[PDB]
Structures are given as structure tokens and as C-alpha cells.
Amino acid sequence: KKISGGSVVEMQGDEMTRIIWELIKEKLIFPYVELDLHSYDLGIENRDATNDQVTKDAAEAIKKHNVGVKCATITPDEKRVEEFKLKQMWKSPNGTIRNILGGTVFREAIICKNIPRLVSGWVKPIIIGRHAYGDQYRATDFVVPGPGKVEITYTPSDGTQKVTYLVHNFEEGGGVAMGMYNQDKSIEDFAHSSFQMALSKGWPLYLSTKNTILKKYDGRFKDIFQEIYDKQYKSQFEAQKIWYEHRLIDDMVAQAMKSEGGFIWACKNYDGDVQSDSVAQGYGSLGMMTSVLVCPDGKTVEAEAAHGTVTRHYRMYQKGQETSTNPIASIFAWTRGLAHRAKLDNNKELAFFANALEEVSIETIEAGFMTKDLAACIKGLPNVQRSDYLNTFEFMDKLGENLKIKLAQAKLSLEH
């Protein structure tokens, strides 16, 4: 009799991560846990077949069941439209889901005692709090075909003020233009999530913007964070001997680089994307990073791997060549999802299982069994030999064996 897991929304994906996703369910989840699994295939072919309706339905299912576990998916471009003979260049499924759910994507490296960093000073963790709504990820962009005016207008519903601003008057040739926005309520939830995360970890909080350039747009993020801090969190930060400060983004990335870690970094959507990949790599690998969307309701989460479909690696699998893809981030999407499901259901057995799989994953790497990427952290990529790492399947087998052992010993450890 397996553990009673409960209701979980799973989103199947593409390429290398799709392969890995099936191996994880079969070898690490299904032998030990029984779930009411709400499966949505977000594979590029199924999104094309359903005119991207499957993505909207999966997002609505997460709203209802409170816990999502998502596989990395292809965001189609011109080359992808050609490859899969798509009806349209479908929008990012992550963007669709995040737009519907809202919240903050909290990203952090998965640390192993034997893995060396690329950044010497990072002795404490860096938690990135990426705002999951608006800006470039819900923008309107277009090609300007030739000379003419691009204007941006605001028309109040309950006002008079049709305000028209000239963006640019193209006098010779064309180019490109775009409009983007953000919402006060979403910014307020992002500020609250950031202050709360810093207080739960007991670390200082830094918000990065470019308010010297985008005086109104970024100035608003700065003003909302400062206002919420002064009125609702300042005394709490002072009590834990921590602080909150705004920094310019270019200063912030340089500060982070020369720091020792141990802080929460509130990032605007775009910066959170870019810098989350820099922080994961700085600590060792993109395969070694947790990614959880924490919704503003405080009950709903969508767990995923911060990295993508690992297309480069999938192209090697396609050629029947050997692959060594790190499945740890994909595994931690399941464990973080199951841990949240356990917390909602007060399921001590599911919570034990979720944590045990995380320990098994870290212990296996710490025991010297790892994928090529992690072996390159220790030895340097040119000094890496076949004997130093395990392939994708080999690594999954070792994890399955170690998981079986950890769960057997835990059961035996139970006293009368």
C-alpha cells in the first residue's frame, strides 16, 4: 500500500525534460505514492492540436487543486513553427500560467557539500524573488514598417483625461515598438511576498530597479516596496537585525557578485529570469536550482525546474548518442509540489517522502555519483573523463536504488 498523495496537477512537457519526467514518475514517484493526478499534456504537438487551450485549462486546474508540478516546455519561435508545422507561434505556456495565477517565482540553488562554485565568495544562499506578472512577459510588440508616429495613450474609464504621449516619430525607415505595463495590486503582492520571505529566512532584502532611467515605471516598484516596508515590516526587520534596501540593477549584480550571499533578491520579471540563470550557474549548475511560483492567495503553488527543455542534450538523445542530463531540478519540482500538497493536507507520510527524495538526491551526488555538469564543477570540463560521471539513465537507476534503501530503513526505524 503506497502513500496517499492526493490531488496534484501535472503538466507534461517537451524534449529532454519530457524523457526525464517519465523516468521520475516511473522510478521515483509511482512505486511509493498514489495520486489523484490531473494530467495536462503541454507538449508542443498537444498545445498545437488544442489551439493552446490545454495551457489555460492546466492553469485553471492549478487554481482549483492548489498544487502544480510542471515539466519544461518549448516556447515556439519561427524555427519551431517550421519544425513542428505549427498553426501559430503559440505564446509561452509559463507566461500564460503565470499571467493567470500571479505571484512570485522564488528561485534558489540546490547545494551539495562537494560541488565547487564559480563564484568564490558565495558561502550563504541567494534567494531570488522574481515578480511573475507583466512587463516584457505580457507586452505588446510589433514591427514599425516605415515612417510614421508611434504614440501611447491612456483613456480613464472614470475620468476625462485622454492623455497621448509621443513614443517616436519614425522619419527614415521603420523599426520596432512595444508597450508594456504592470499593476499596483500585483506589485503590492510581490512586495509582501518579498518582505515575508526575508523574515522567514532571517536575511536582508534587496529590490533592484532602473528608476534613474524609468522614473515613473520603476519608481512605482520602489515607492510601493518602501511604503509597505515603513508601514508593515520595518520593526520586524529591526527585531531580526535585517534590513531592506533598493539598489540600481547594474549596481546590484556587481554587489551580488562580490558578496558572500545570504540575502533575498526581489527582481522584476525580466531581471528575475536573467539573474536566476546567472545565480544557478554561479553556484554550479542550472540543473541545480528550485523554482516555485508562490501565488498571492498563500495556498496555491506551481513548482518547476528553473531551466528549460535542455534542447542541446535532446538533440544528442535523438541521434542515439549518450546523454548526462541533470534531473535534480525536475525531481525537486515533484518534491516541492508534493511537500506543498502534504502541508495542505497535514499528510506526515507524504511530507516524509518528499524530504527523503531530496536527501537521497543530495546524498547520491555527495557520494560521488553525478551527471557530467556536476563532474565539470569539480574537475573542470577539459579534465572530465567518462569514469567521473553517470549517464541520464544510470543516474536515475542509482537514485531509485538509494530511494528504495532510504524508505526501507525509515520504515524499520519505526518503534512499537
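Start at 1 and count along the sequence shown; that's the residue number.
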According to the deposited model, is the average Cα temperature factor higher in 304 to 312 or in 236 to 244? 236 to 244
Averaging the C-alpha temperature factors as deposited, the higher value of 332 to 340 versus 158 to 166 falls on 158 to 166
Residue selected from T75, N211, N114, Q136 by maximal Cα B factor: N114
Taking the values straight from the PDB record, which of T104, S120, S186, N94 has the highest C-alpha temperature factor? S120
By the recorded C-alpha temperature factor, relative to the other modelled residues in its chain, which third is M288 in? middle
Please place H192 in the lowest, middle or highest third of its chain by C-alpha B factor as given in the entry. middle
By the record's CA B-factor, is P382 among the lowest, middle or highest third of residues in the chain? highest
Compared with the other modelled residues in the chain, in which third is the CA B-factor of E60? middle
Consider only the C-alpha atoms of the modelled residues in this chain, order them by B-factor as the entry records it, and name the third containing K348: lowest, middle or highest. highest
